[PDB]
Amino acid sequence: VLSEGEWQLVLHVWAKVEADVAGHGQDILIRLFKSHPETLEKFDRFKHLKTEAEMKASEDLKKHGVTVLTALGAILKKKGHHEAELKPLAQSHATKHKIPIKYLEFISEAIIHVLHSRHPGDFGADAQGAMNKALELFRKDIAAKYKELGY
């Protein structure tokens, strides 16, 4: 569980993300796909992309990045009180999209990496630790629903 101070650090950088949601989403999905290529193959929309330049040039990738970060921001702003928000996401990601929890770990690492690059003065160590706790909590709670569902 995060303290109020930790949530403050998390949401302070997140409000910066929300000034350029689409650029952050591109950098995060691209980072994810390069670092962990098994993740790209889970996307029928994107698995044709074979180079970073192709990924950067894909408007549909940019659109999905906005979808992802918009959903994550709504979760983070609930400061842990996010049950309602996680129910449909776990259901589709476990049962329809078939995404392992490890791949949620991979996108968490991509998020943290991109935040560090784009917002270093608001993403020093205290903030990094706070954000990692928030994304761990996100994973802990999705994993409990994956377990309910036998995934």
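Counting begins at 1, following the sequence as shown.
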Looking only at C-alpha temperature factors in the entry, 78 to 86 or 108 to 116, the higher average sits in 78 to 86
Higher average CA B factor in the deposited record is what I'm after, so tell me if that's 24 to 32 or 91 to 99. 91 to 99
Out of 122, 54, 44, 59, which shows the largest CA B-factor listed in the entry? 44
Can you work out whether the C-alpha temperature factor of residue 39 puts it in the lowest, middle or highest third of the chain? lowest
For the chain shown, is the CA B-factor of residue 19 in the lowest, middle or highest third of its modelled residues? highest
Looking at the entry's B-factor column for C-alpha atoms only, identify whether residue 134 ranks in the lowest, middle or highest third of its chain. lowest
Comparing residue 13 with the other modelled residues of its chain, is its CA B-factor in the lowest, middle or highest third? lowest
Sorting the chain's CA B-factors, does residue 127 end up in the lowest, middle or highest third? highest
